[PDB]
Every structure is written in structure tokens, then in C-alpha cells.
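Here is the structure we will look at, set down as C-alpha cells.
In the text below, chain A, chain B and the rest are named by the order of the sequence lines, each starting its count at 1. We use all heavy atoms of the structure for the numbers below, so side chains are in, but hydrogens, waters and symmetry mates are not.
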2 protein chains.
Amino acid sequence: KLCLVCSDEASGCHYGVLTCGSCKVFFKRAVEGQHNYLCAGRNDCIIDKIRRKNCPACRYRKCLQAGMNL
Amino acid sequence: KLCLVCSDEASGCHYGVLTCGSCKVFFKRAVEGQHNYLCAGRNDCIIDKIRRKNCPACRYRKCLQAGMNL
DNA sequence: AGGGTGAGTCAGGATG
DNA sequence: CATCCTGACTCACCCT
Ligand SMILES: [Zn+2]
Ligand SMILES: [Zn+2]
Ligand SMILES: [Zn+2]
Ligand SMILES: [Zn+2]
């Protein structure tokens, strides 16, 4: 069972998609919050257990593309 | 520790009252749907883990008497 | 990051 | 067969 966003240990199927606890709370905070997410690279960053902190923009984009939805 | 409605092991404070999980959802289904239950005894049926299924009418009365409420 | 509680779903048993 | 009632499982939100 791996998080379809960051490949960390999946806890269940949250907001329609198999994901870990951190990606669950990240996504909800991203949808509802006011954030200024901008990628410092090419909108194609590697998202894994460590790197996921680096680019919220690409993390959020991957959540959306994997089909996450409130 | 014990459900105030059927004396089974309580799982938490549900709808205002210390109850087991099954009495929790029993009550929720009784207050939203119809609760036109008939007791086949004398309205004092024994409600315990083994017998709580026999008399929804007496089970529902014990939920109300214990103070359960949405 | 995790406990507490509400709510949806599913399957199984009893019933018709 | 189908329908109804039950309770365990899973996930939601809220607060710490
Ligand atoms: Zn993740
Ligand atoms: Zn990026
Ligand atoms: Zn109970
Ligand atoms: Zn009764």
C-alpha cells in the first residue's frame, strides 16, 4: 500500500485516492487555504517522502491529477 | 466502560451518552426513520448484548431514558 | 499526528 | 429469490 502522490506508506483511500496521512491533510489545507504555490523548477518535480516538502505546487498538482477531491 | 443501554462494552460518548457502537447506530436509525415499534412483552424487555435485538421498542426507550439525542 | 465522534457502506442473518 | 434489521469497517471533520 503506497501513497499514489508521494509513495510513502498509504493509510487508506482519502478524498477518493490511496494516500498517506500527510498528503491527506496537505490536500485539504491546499484546497481550502489561501496559498501562493509556485514551482522553482519546471512544474515536474519529484514528489517523495522527503522531497514533497520542497514543492507544494507540484505536490498539489499531483494530488489533483491522481483524482483527489473534497 | 459499559454501554448505558445494553451493558456491552462502551466505545465512547455517542449522542450525549456512554454507549457501544451498535446502540449508537441503532438510535440514529430510530430517530430519523420511523420508530413505530411494538413491544411483544410488557415494555420492560431485558436489553443486554444477547437480547438487544429482540425488542427495538424497549431498546429505543432505554436510549431515550439514558438521554440520547441528536 | 492522533484521538474522539459522526456518518456511509457492506455483508450476513432472520424473515417472508 | 427479495426485503429488513444489525453491527463491523472505513473515512469524514474537529480539536489537541
Ligand atoms: Zn503521500
Ligand atoms: Zn515543482
Ligand atoms: Zn449498547
Ligand atoms: Zn419490549
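Looking at heavy-atom distances under 4.0 Å, B/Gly21 makes no contact with the nucleic acid at all. Backbone-only engagement by B/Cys13 is indicated by non-hydrogen atom pairs under 4.0 Å involving sugar-phosphate atoms exclusively.
B/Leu2 CG: more than 12 foreign heavy atoms inside a 6.0 Å radius.
Protein atom CD of B/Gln34 is 12 Å distant from nucleotide atom P of D/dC4, rounded to whole Å. Summarising the geometry, the separation between NZ on B/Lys49 and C1' on D/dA8 is reported as 11 Å, rounded to the nearest angstrom. As rounded to whole Å, 15 Å separates atom P of D/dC5 from atom CD of B/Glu32. When rounded to the nearest whole Å, the span between CG of B/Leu38 and P of D/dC4 equals 17 Å. Between the CD1 atom of B/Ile47 and the P atom of D/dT6 there is a distance of 10 Å, given to the nearest Å. D/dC4 atom P lies 17 Å from atom CZ of B/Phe26, rounded to whole Å. Taking atom CG of B/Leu18 as the reference point, atom P of C/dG6 lies 12 Å away to the nearest angstrom. Look at CG on B/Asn54: it is 15 Å from P on D/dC5, rounded to the nearest Å.
Listed candidates were D/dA12, D/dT6, C/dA7. Nearest to the side chain of B/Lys53 is D/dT6. The side chain of B/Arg52 approaches D/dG7 more closely than any other nucleotide in the set D/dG7, D/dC14, D/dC11. Checked against D/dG7, D/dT6, D/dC11, the side chain of A/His14 finds its nearest nucleotide in D/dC11. Listed nucleotides C/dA7, D/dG7, D/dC13 differ in distance to A/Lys28; the shortest reach to its side chain belongs to D/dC13. Closest to the side chain of B/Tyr15, out of C/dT5, C/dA7, D/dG7, is C/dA7.
Two residues are said to be in side-chain contact when any heavy atoms from C-beta on lie closer than 4.5 Å; A/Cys45 and A/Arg61 fail this criterion.
With B/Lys62 contributing its side chain and B/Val5 its backbone, the two residues share a donor-acceptor pair below 3.5 Å. The main-chain N or O of A/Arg29 is found under 3.5 Å from a side-chain atom of A/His35 such that the two form a donor-acceptor pair.
Using the sign of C1'-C2'-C3'-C4' as the criterion, D/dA8 falls on the south side of the pucker cycle.
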Exercise. Where each pair must be Watson-Crick or G-U wobble with both distances under 3.5 Å, what dot-bracket representation of DNA chain D is obtained, with crossing pairs in [ ] and other-strand partners as |?
Worked result: |||||||||||||||.
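Closest heavy-atom contact between A/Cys63 and A/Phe27: CB-CD1, 3.5 Å.
Contact annotation: B/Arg59 side-chain N/O to D/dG7 OP1/OP2 distance is under 4.0 Å. In this structure, B/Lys24 does not reach the C/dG6 phosphate: none of its side-chain N or O atoms is under 4.0 Å from OP1 or OP2.
Using a cutoff of 4.0 Å between basic side-chain nitrogens and carboxylate oxygens, A/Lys28 and A/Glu32 are scored as salt-bridged.
Remark: B/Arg59 is positioned above the aromatic ring of B/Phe26, its terminal NZ or CZ atom under 6.0 angstrom from the ring centre and at most 45 degrees off the axis.
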Problem set entry | side chain to side chain contact (heavy atoms under 4.5 Å, CB included) between B/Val31 and B/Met68, worked out | CA-CA 10 Å; B/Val31 288; B/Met68 297 185 74; over 6 Å; no
